[PDB]
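For the numbers below, each heavy atom of this structure counts, side chains included, while hydrogens, waters and symmetry mates do not. When a ligand or atom number is given, it counts from 1 through the structure's own listing order. Protein chains get the first letters and strands the later ones, always in sequence-line order, with residue 1 at the start of each.
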Amino acid sequence: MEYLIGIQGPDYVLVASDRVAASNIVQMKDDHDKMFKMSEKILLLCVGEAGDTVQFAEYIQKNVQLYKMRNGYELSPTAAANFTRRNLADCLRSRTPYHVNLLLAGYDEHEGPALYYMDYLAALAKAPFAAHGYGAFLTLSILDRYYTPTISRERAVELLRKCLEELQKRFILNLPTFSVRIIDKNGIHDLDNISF
Amino acid sequence: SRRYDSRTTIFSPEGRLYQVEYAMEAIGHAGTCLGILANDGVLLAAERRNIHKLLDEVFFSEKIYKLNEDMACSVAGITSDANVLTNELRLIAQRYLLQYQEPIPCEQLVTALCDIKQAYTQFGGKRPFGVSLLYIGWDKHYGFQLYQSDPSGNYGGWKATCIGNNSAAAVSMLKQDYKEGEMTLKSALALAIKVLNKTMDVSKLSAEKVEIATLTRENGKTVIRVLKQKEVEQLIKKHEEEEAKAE
Amino acid sequence: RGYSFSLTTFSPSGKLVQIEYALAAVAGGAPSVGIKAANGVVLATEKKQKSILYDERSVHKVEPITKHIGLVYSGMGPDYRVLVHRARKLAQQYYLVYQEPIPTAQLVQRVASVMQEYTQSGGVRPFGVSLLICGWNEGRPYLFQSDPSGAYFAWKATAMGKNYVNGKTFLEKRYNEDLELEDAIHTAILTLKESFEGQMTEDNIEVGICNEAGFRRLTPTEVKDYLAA
Amino acid sequence: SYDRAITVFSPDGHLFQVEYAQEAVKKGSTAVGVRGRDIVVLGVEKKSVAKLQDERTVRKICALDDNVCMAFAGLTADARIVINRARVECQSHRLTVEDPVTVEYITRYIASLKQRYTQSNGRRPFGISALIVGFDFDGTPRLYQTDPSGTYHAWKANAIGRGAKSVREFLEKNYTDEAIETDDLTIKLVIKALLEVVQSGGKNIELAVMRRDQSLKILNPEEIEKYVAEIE
Amino acid sequence: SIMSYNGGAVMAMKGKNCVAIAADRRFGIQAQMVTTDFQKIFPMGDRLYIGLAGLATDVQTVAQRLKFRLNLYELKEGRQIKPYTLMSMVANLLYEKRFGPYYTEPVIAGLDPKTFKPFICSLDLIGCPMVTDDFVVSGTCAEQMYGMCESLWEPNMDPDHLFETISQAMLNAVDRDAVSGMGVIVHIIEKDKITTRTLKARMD
Amino acid sequence: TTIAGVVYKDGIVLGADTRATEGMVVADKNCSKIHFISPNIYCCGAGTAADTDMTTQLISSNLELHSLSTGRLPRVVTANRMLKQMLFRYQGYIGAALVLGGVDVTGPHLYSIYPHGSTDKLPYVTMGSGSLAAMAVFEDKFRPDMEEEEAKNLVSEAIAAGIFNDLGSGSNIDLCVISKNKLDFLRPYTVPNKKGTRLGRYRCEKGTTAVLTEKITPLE
Amino acid sequence: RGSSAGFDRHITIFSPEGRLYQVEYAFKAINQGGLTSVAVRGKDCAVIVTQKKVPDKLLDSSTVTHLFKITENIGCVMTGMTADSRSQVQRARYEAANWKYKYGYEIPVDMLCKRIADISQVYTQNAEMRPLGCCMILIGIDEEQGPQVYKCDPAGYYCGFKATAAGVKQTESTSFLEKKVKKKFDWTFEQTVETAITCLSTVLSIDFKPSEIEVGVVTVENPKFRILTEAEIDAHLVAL
Amino acid sequence: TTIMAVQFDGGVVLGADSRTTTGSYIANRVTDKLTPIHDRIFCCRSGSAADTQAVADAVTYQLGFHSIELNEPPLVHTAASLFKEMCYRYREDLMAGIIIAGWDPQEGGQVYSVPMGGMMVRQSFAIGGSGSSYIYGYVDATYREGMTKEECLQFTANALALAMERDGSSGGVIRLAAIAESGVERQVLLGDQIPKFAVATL
Ligand SMILES: CC(C)C[C@@H](C=O)NC(=O)[C@H](CC(C)C)NC(=O)[C@H](CC(C)C)NC(=O)OCc1ccccc1
Ligand SMILES: CC(C)C[C@@H](C=O)NC(=O)[C@H](CC(C)C)NC(=O)[C@H](CC(C)C)NC(=O)OCc1ccccc1
């Protein structure tokens with residue numbers, strides 16, 4: 001499967017995603033990006049069935065971008081999370097359902113940083129930290145054991161490293177590189193890829 | 001049948017939509033409705049047209065309507081069409097709160113209605129809606145806002161505007177009396193009585209002949225309140241006293 | 001198919017003449033009166049047949065919509081029969097969802113909506129009928145009027161049809177806020193009597209009353225008693 | 001569905017409904033667009049200041065996308081409908097091609113819609129003319145005009161709305177490599193062009209600039225006054 | 001097993017002139033918890049609330065679609081909804097999906113908007129309303145909740161005793177359900193106040 | 001569920017148990033299974049509670065619109081035809097087994113409707129999981145043209161048989177009597193079973209429950 | 001008085017005085033056929049006598065009729081445009097069938113009249129179609145009201161009557177009946193046929209012969225609609 | 001279910017058991033499977049109760065309109081054809097075996113078997129239902145041309161009795177009907193009236 005992680009801090013939201021695209025037993029790409037820029041301060045990390053992730057993610061991205069053009073301002077992280085949930089929930093009982101697990105992360109200059117976990121059934125939950133993938137089973141406890149609400153962005157990257165090192169030792173899938181980005185008042189910032 | 005068709009959605013030799021212009025003449029014969037934006041809130045002051053003595057007061061207001069928890073509107077023109085447009089405004093607001101889970105921004109609500117109004121002016125073969133609405137509201141993008149829409153589907157934000165009978169005279173007096181950036185709901189609820197006392201040539205404001213609504217933010221909650229007749233009577237009394245003092 | 005263009009349009013003076021003409025048909029209708037008292041509402045209408053060859057108990061002008069809501073009219077009875085059916089169907093749609101009798105104000109708004117459609121839809125004329133709806137809800141009596149335009153009004157007392165202006169003047173001088181349905185029934189009969197021309201009889205007039213018990217149409221026999229006094 | 005033919009040919013081969021639409025554009029405010037070397041400038045006449053009217057709500061210059069923006073003359077309600085259709089189109093293009101729409105691509109679409117409303121049953125032509133201005137990915141400044149007929153052409157500089165002929169005559173004699181070398185000189189060309197029609201001067205003239213690889217910038221009233229004085 | 005996918009438990013109890021509504025707080029997939037602060041009880045008026053248990057997507061969707069209809073009704077009718085009308089409204093929404101239903105069973109707890117009389121209720125997943133004068137349970141620990149409320153509920157309980165009963169019934173029932181718990185929230189609705197409390201609960 | 005119905009000399013007596021069960025657990029200990037279709041017509045319902053409480057409610061609305069237009073009392077044949085013609089177009093997907101009974105201008109009429117659209121006009125009818133216990137009482141004690149008290153005792157005995165012999169049936173016994181002159185809806189007609197008295201006090205006093213947070217919102 | 005503005009007299013729209021001229025012209029069509037119909041109700045009988053004019057000896061007279069059976073117990077006499085009349089007879093026959101299929105009992109004559117009048121009203125509110133120029137007088141026996149004579153008109157108006165008339169001599173027939181009914185009603189008795197035969201005979205000054213009139217009757221004893229034969233009609237005509 | 005119809009020179013005799021069954025339970029023990037589609041045309045219904053009641057109701061409606069429009073008593077073939085039309089069109093959504101027997105002024109007494117699948121066939125005598133199988137050899141051995149209404153009524157009663165005693169899904173009372181120009185005479189055989197046959201002893 002694919003790995004998504006998000007850690008919300010006091011003034012920032014740190015997100016990481018695996019960079020591998022696999023066909024069956026072969027990795028066809030090790031520089032894949034599973035993060036989509038919905039706004040200047042909103043990111044959607046999407047994993048799931050092939051074809052369903054980009055079809056749903058690109059759709060949500062063009063609709064959030066249409067909002068900015070139509071209204072002159074951008075949708076907030078919470079409005080974007082809810083718009084995504086309605087669309088995923090409104091195609092669930094349809095003949096064209098999207099099998100996608102997502103993590104929306106954004107920073108509102110008023111409500112501050114936010115990380116939202118959503119499953120394929122379209123259940124939205126705001127979380128201090130969350131992960132998607134089979135690797136989440138081996139990493140969510142590391143985050144629960146060390147996550148503190150006032151974590152610094154430096155200590156946040158260190159915990160991100162603890163979780164990805166656990167995946168290298170206990171996970172049965174070769175997830176070698178991870179795309180790491182952070183969001184704050186100054187916008188979305190790409191950080192060095194944690195490779196092993 | 002081409003013979004019985006009136007062709008409402010067509011241009012005129014001078015690039016004019018006459019059904020829209022005729023509807024606008026209808027709006028100019030309806031009760032004066034004035035809106036004033038203040039730093040502490042927004043107000044709508046309409047002239048009651050149903051003033052018979054055998055009329056029962058069975059509603060919150062006749063001209064003011066709450067469309068959201070943070071937005072309200074007054075109407076000037078055909079009452080039947082206003083009931084249709086107010087119901088559509090309330091659904092557009094609820095449909096947005098469902099998709100995003102946040103209250104609809106005010107200009108977004110006005111644009112949605114004006115898009116429907118403009119569509120009746122371009123295609124369909126049906127008459128336009130003869131109703132001009134004054135919208136008041138508060139959002140977390142621009143704050144207290146007042147807007148006006150026309151049967152053409154053309155809307156605009158205003159600091160103070162009037163629609164209805166003797167509307168032009170009101171806009172003139174508001175233009176020479178409105179102090180942008182220095183208006184408190186007290187001075188706003190004062191210029192309202194002044195303008196109404198001139199637009200409504202029918203004797204002096206009688207409180208039963210006027211309706212006043214205010215939108216304010218109290219403890220992170222937007223509160224829309226139609227001033228009680230006692231409050232309106234006190235306002236009309238103060239205006240009379242002030243005018244006499246200046247005499 | 002059918003015409004998809006509005007037959008009602010705005011005149012250069014900003015007026016919809018077709019609705020003005022429908023109100024002319026409502027003013028040429030037989031006189032109707034409504035009085036909201038403190039304990040109920042009385043709806044009285046002049047029902048004078050052209051001959052003695054008409055079964056007066058066959059067709060009714062005062063009709064029940066729900067059990068607390070009743071209606072009367074002035075204008076074209078065929079157009080009224082269409083609005084009575086729609087009022088009943090709208091009233092049942094409310095009960096099927098909220099499982100409670102429809103508020104009289106909600107019924108007047110829903111019926112007024114259908115009437116407004118016939119002023120802006122295509123190939124159709126406005127309804128040539130003004131309606132007087134009486135209802136009892138929340139332990140309060142309600143009296144509302146509905147115009148061919150779709151505009152609804154709440155009244156304490158009102159008159160429609162021929163000699164409605166003189167009737168409203170009579171009601172203005174006679175109506176008292178503190179009245180009982182029995183006193184109200186007398187004033188309503190007196191208002192119709194002022195513009196009747198003939199001998200009001202248990203069959204020349206039709207009266208309906210709404211109270212806490214509900215809406216009902218006073219029997220010719222019951223009306224016979226009121227006309228006696 | 002109402003399916004009457006509103007736009008029909010007339011003896012002499014004239015679609016009068018389209019000609020009536022252009023009469024509405026001639027009654028519209030004057031919009032001027034000059035295509036420079038590194039800056040495309042669009043300026044509109046703010047007819048009446050109103051004084052009691054929020055300007056943010058009556059802006060006649062809009063951005064269809066990050067690279068494209070348009071000004072209009074004619075009916076403001078018809079324009080809002082066209083701008084929203086073009087904004088949705090630019091996004092649908094980015095989704096099916098993964099690239100920003102080209103200035104002429106969106107000009108072609110806006111024109112094709114403005115044309116179908118002139119040959120479709122139950123519809124009246126749009127009473128608006130637009131000035132789509134942007135920068136192609138190559139970095140070429142682009143200026144196009146659309147007519148209520150659906151006709152579109154590229155221009156070095158044009159003027160739409162009331163006093164278009166007078167302003168275009170001025171731009172015809174004042175447009176040169178000289179009056180376009182400096183971004184400020186390009187801006188003052190649009191300003192002088194409108195001042196030929198605008199009576200108030202400075203107070204009643206909105207203006208916007210879209211430099212390469214930069215968002216649309218709405219010049220503040222003070223900045224406009226600076227150039228208006230320098231242009232005096 | 002479509003209701004045990006996300007787990008959940010909601011209970012509403014009547015008192016003397018007071019109502020109570022409690023809910024577990026865990027949000028999980030099968031056996032994995034994702035959050036311990038999920039909302040299952042939503043305000044449907046000043047003294048009216050609805051607790052939703054079932055698929056969490058359906059809990060959120062049914063709440064949002066109910067608010068759409070409630071806000072429209074409140075603005076049009078110009079009055080607050082009475083507890084019984086909200087139940088009739090939820091039944092209509094749920095039965096409109098009879099062949100393909102929302103996997104959520106709702107409990108309504110509130111005081112009449114005028115008489116301030118206690119009203120509690122429960123609806124099925126296809127909208128079958130059952131008004132009770134004691135308690136109403138809904139979730140994956142319903143049997144445990146039935147046994148606790150049948151042995152602890154007393155008539156005419158005061159606001160404080162209602163809190164001690166709904167709280168004890170919820171804590172001992174969710175402690176025998178593996179997919180329910182991770183916290184308990186309780187709203188005591190009275191005429192002049194709404195006290196909300198979070199209980200110390202087993203986080204295992 | 002034990003819903004039953006008998007036709008006596010002056011009219012019809014309908015009866016029902018009051019238990020609703022979700023699985024093998026009781027959900028409602030006082031459900032109403034007799035429904036008003038019209039002032040002269042009532043319908044006992046068995047099967048899916050939501051289906052039997054919506055098919056009846058829709059037919060009551062349609063017979064009301066019919067009676068307002070006709071100005072005449074509804075005929076039990078109209079309800080049967082409306083109910084059967086709807087249950088048929090749903091092919092048993094709407095599980096509503098009903099005992100329709102009423103007195104019209106043609107006399108008293110009792111009918112049985114099945115979820116697929118089949119109807120049966122009979123002098124005595126039983127439906128629900130307690131139908132055969134109730135039928136045994138009717139096939140053993142029913143006599144043509146009985147009196148109200150005799151016919152009421154029969155329908156209560158049939159409902160008791162289902163309550164004490166069926167596990168999906170129990171609680172109280174409701175009886176609806178309909179004559180040309182009277183409609184008597186005896187909701188709690190007989191309360192045959194009651195909860196035993198509590199022998200120990202398990203009330204928790206203030207302070208037993210430890211709270212982590214509290215927020216009191218004052219209401220105006 | 002007769003003010004007109006627009007297509008007030010071409011399509012069904014209100015005149016400056018709210019009159020609807022098109023419906024008024026549809027009542028002039030009923031009198032274009034030239035025949036008059038009379039219907040009287042008695043204590044236990046309802047009779048519909050109509051005038052039969054077989055213009056040519058080449059036309060089969062068995063086909064020239066205005067009396068129709070909507071249902072075994074509901075009968076109709078149609079006056080006005082023949083083709084419009086056969087159209088409403090068919091709509092009545094279908095509405096009566098749909099009624100028994102959906103409700104399980106025969107439609108009351110009042111209910112058939114209201115349905116037909118409701119369809120007629122839609123022709124008065126829509127401009128795509130002309131109103132039908134025909135009047136339907138229905139007769140039946142109600143189980144709780146006995147003899148019932150109902151008439152619907154091209155405007156959507158329906159009413160029950162003790163005795164009615166439609167056609168060219170509607171007014172004169174009304175007056176004739178509006179004097180017998182006043183004295184003691186259409187002398188109740190199956191011989192109420194004499195009142196109808198004499199009403200049509202007097203207004204259309206003519207001593208009808210057994211073949212110049214058609215008589216339909218419904219009775220409490222025999223509730224089924226029946227068209228009397230020339231011999232039966234001759235018996236009544238000879239009696240008077 | 002046992003349904004049977006026979007034609008005689010002047011009319012037709014029809015017969016049926018009176019048992020409705022849900023599994024092995026008798027929901028109705030006095031059912032009327034002989035339904036009148038018109039004055040002198042009846043149907044004998046077998047198979048699904050809801051399906052047979054719906055089709056018979058529909059044909060009575062269509063046949064009623066046809067008779068009032070074509071001012072003439074309906075033909076038995078027309079009723080059989082309308083039954084065939086629906087039963088063939090919805091053969092995959094309808095379990096309904098029907099016997100349309102009645103008297104018409106033109107073709108006399110006619111018995112038509114519209115079996116399951118939608119097929120239609122005129123027959124001197126017709127049988128149908130689950131009990132039809134046990135009396136095939138009897139009807140083939142006891143039927144004689146030239147029988148009368150009285151002999152035909154005995155044939156139907158004797159045959160239905162034998163089938164009701166061997167088929168568990170058949171039983172109750174034997175409902176008989178005789179249709180002729182004169183009218184329709186209906187008869188119910190119950191208890192000792194129902195024909196009896198001695199059992200063995202060995
Ligand atoms: C009026 C009666 C129909 C009410 C009562 C009597 O049968 N209902 C019942 O006994 C049935 C039991 C079942 C074996 C039919 N129970 C129910 O119908 C309960 C309603 C109670 C919880 C209030 N709801 C229920 O279980 O429905 C679940 C369901 C959902 C979709 C389709 C079918 C069934
Ligand atoms: C056509 C009628 C005369 C019925 C006749 C059949 O020939 N007699 C019967 O016994 C037939 C047997 C059939 C399945 C072969 N019975 C039936 O068809 C029964 C009758 C119902 C009223 C219970 N129908 C049936 O089993 O499904 C309907 C149903 C729906 C819900 C519960 C129980 C039964």
* To do: Begin with the C-alpha distance, continue with both residues' side-chain angles, and end with the deciding distance and a verdict on side-chain hydrogen bond (donor to acceptor under 3.5 Å, both in side chains) for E139(F) and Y124(F).
  => CA-CA 9 Å; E139(F) 283 287 11; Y124(F) 55 98; 3.0 Å; yes

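A donor-acceptor pair is defined here as one N or O able to donate and one able to accept, closer than 3.5 Å; no such pair exists between the side chain of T2(F) and the backbone of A16(F). Listed for the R175(H) side chain is a donor-acceptor partner under 3.5 Å among the backbone atoms of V30(H). In this structure, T104(E) contributes its side chain and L52(E) its backbone to no donor-acceptor pair below 3.5 Å. Within the 3.5 Å criterion, the main-chain N or O of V97(C) finds no donor-acceptor partner in the side chain of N92(E). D51(F) places no side-chain N or O within 3.5 Å of a backbone atom of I94(F) that could act as its donor or acceptor partner. Checked by atom type and distance alone, the side chain of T22(H) never pairs as donor or acceptor with a backbone atom of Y25(H) at under 3.5 Å. A donor-acceptor pair is defined here as one N or O able to donate and one able to accept, closer than 3.5 Å; such a pair exists between the side chain of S138(E) and the backbone of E105(E). Counting only distance, with no hydrogens or angles, the side chain of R19(H) and the backbone of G168(H) share a donor-acceptor pair below 3.5 Å.
Remark: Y84(E) engages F119(E) in a ring pair (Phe, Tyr, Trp, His ring centres under 6.0 Å) (not counting sequence neighbours). Residues passing the side-chain contact (heavy atoms from CB on, under 4.5 Å) test with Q123(H), sequence neighbours excluded: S113(H), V121(H), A126(H).
Proximity to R19(H) (heavy-atom distance under 4.0 Å) selects the following atoms of ligand 2: 8 (N), 9 (C), 10 (O). Each of the atoms 31 (C), 32 (C), 33 (C) of ligand 1 lies under 4.0 Å from some heavy atom of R98(E). Close contacts between ligand 2 and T1(H) involve ligand atoms 5 (C), 6 (C), 7 (O), 8 (N), 9 (C) [criterion: under 4.0 Å to a heavy atom]. Within ligand 1, the atoms closer than 4.0 Å to a non-hydrogen atom of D53(F) are 1 (C), numbered from 1 in the order shown. Applying the 4.0 Å criterion to heavy atoms of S118(F) picks out, from ligand 2, the atoms 21 (C), 22 (C). Against a heavy-atom cut-off of under 4.0 Å, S48(H) is close to the following atoms of ligand 2: 1 (C), 18 (O). Remark: ligand 1 atoms within the under-4.0 Å shell around heavy atoms of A20(F) are 10 (O), 21 (C), 23 (C). In the vicinity of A27(F), heavy-atom distances shorter than 4.0 Å reach the ligand 1 atoms 22 (C). Against a heavy-atom cut-off of under 4.0 Å, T1(F) is close to the following atoms of ligand 1: 6 (C), 7 (O), 10 (O). Taking every heavy atom of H116(F) and a limit of under 4.0 angstrom, the matching atoms of ligand 2 come to 28 (C), 29 (C), 30 (C). Near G45(F), with a cut-off below 4.0 Å to any heavy atom, the atoms of ligand 1 are 1 (C), 2 (C), 3 (C). Near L125(E), with a cut-off below 4.0 Å to any heavy atom, the atoms of ligand 1 are 28 (C), 30 (C).
Note on ligand 2: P115(F) sits in its first shell, one or more heavy atoms being nearer than 4.0 Å. Residue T31(H) places every heavy atom at 4.0 Å or more from ligand 2. For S169(H), the heavy-atom gap to ligand 2 stays at 4.0 angstrom or more.
Residue nearest to atom 6 (C) of ligand 2, selected from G95(F), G47(H), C44(H), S46(H): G47(H) (by heavy-atom distance). Of the listed options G128(F), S169(F), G47(F), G168(F), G47(F) places a heavy atom closest to atom 9 (C) of ligand 1.
At under 3.5 Å, not a single nitrogen or oxygen of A46(F), backbone or side chain, sits near a nitrogen or oxygen of ligand 1. The shortest N or O to N or O distance between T21(H) and ligand 2 is under 3.5 Å. Between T21(F) and ligand 1, a contact under 3.5 Å exists for at least one N or O pair.
Ring-plane geometry between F99(E) and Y90(F) is classed as parallel, the angle between the planes falling under 30 degrees on a 0 to 90 degree scale with a further cut at 60.
When heavy-atom distances to ligand 1 are checked against a 4.0 Å cut-off, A49(F) comes that close through both its backbone and its side chain.
Between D57(H) and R81(F) there is a salt bridge, since at least one side-chain N of the basic residue sits less than 4.0 Å from a carboxylate O of the acidic one.
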